[PDB]
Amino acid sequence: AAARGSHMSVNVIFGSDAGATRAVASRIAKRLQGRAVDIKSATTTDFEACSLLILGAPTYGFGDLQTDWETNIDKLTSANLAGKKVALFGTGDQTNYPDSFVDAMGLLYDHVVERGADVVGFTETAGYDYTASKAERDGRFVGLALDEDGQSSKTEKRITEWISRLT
């Protein structure tokens, strides 16, 4: 008999190569009493069997999704998300990639919207120095944008204010 993993019906599905997005996912999962699930081992049940789904991904390659998200994208595109509450967060580097800042979060946004999800947790782009971002929609990010490389001093406040808006 294995535990469900958390008390609340919140699944935080993440990808990570160097551990930065993985640690942020655990921080989000703790405050929402949810499960942190790596997209490498995630199933479509992890996408479907939750009242609040949160997807997080860093941007790698050439403005692409993290490789595990790219490979396992079928688990998302085959998941029933119509009318389901979904939030997103992205890790990025606006100093070294100002023209592809947290683009992976924008790519996740197009996927969940394609599956009919109701996305919440839009944030503002005010305190960011970047030229282009696929996560930007009319002066707003489609989710929580974090920069653990050149702006990690603001991550705690950004997560704190973002979390309280998802409940």
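We number the residues from 1 along the sequence you see.
Student: Could you check which stretch, 148-156 or 20-28, carries the larger mean CA temperature factor in the entry?
Tutor: Mean CA B-factor is higher for 148-156.
Student: In the PDB record, does 64-72 or 32-40 carry the higher mean Cα temperature factor?
Tutor: Higher mean C-alpha B-factor: 64-72.
Student: Which is it among 113, 57, 126, 52: the one with the largest CA B-factor in the entry?
Tutor: The C-alpha B-factor peaks, among 113, 57, 126, 52, at 126.
Student: Relative to the other modelled residues of the same chain, rank the CA B-factor of residue 98 and answer lowest, middle or highest third.
Tutor: It falls in the middle third of the chain.
Student: If you rank every modelled residue in this chain by C-alpha B factor, which third holds residue 122: lowest, middle or highest?
Tutor: Tercile = middle for this residue's CA B-factor.
Student: Would you check the entry's CA temperature factor for residue 165 and let me know if it's in the chain's lowest, middle or highest third?
Tutor: For residue 165, whose C-alpha B-factor we compare with every modelled residue in the chain, the answer is the middle third.
Student: Would you check the entry's CA temperature factor for residue 141 and let me know if it's in the chain's lowest, middle or highest third?
Tutor: For residue 141, whose C-alpha B-factor we compare with every modelled residue in the chain, the answer is the middle third.
Student: Considering only modelled residues of the same chain, in which third does the CA B-factor of residue 87 rank: lowest, middle or highest?
Tutor: Lowest third.
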